[PDB]
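Just the one chain here, the form deposited in one PDB entry, laid out as structure tokens.
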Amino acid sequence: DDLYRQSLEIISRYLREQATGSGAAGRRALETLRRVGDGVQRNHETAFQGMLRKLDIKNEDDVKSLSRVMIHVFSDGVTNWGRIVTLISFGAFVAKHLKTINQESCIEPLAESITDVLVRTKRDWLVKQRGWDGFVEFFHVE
């Protein structure tokens, strides 16, 4: 569907740019993501390293662990955009480490586990925020 495909594109495009160094609502989301997601990574490098270790991703397809933790994160019934942006930013940190340990790692299985957790498990919440527009407005700075 639209929300799944739109989200997958946004999250993959961010994850691929991050790993390599390379609709309209989607362009906005992508811009916001670069600014906020980069904010998250810088200043939380040491925490992110620590989590990556404890997760112990063996390869590009070793996502089952990442899925379970992400599900766990949301199991308190709290939903907000700071958390969502954090999940995606960690996603990009993991993508960068994947390419440094195998230069033709596909970022796709990872973007997919993130998109799945987000869109299947927070579908109606996202729809109610008007999707990626809620994200863009939340992180909107003047």
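Just count from 1 along the sequence shown to find any residue number. Between two forms, the rigid core is defined as the largest C-alpha subset superposing within 1.5 Å.
Separately, the form deposited in another entry exists; it is not shown, and the next lines address it.
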Practice task
Please find the residue from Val36, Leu66, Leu98, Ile88 showing a Cα shift of 2 angstroms or more between this form and the one not shown, rigid core superposed.
Solution key: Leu66
Problem - Core-superposed comparison between this form and the one not shown, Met51 Cα displacement 2 Å or beyond - result: no
Problem - Pair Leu110/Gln103, Cα separation in the other form versus the displayed form, closer or farther by 3 angstroms or more - result: closer
Exercise for the section: Pin down for me whether the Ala95-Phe74 Cα distance shrinks or grows in the other form relative to this form (closer or farther, change of 3 Å or more). Expected result: closer
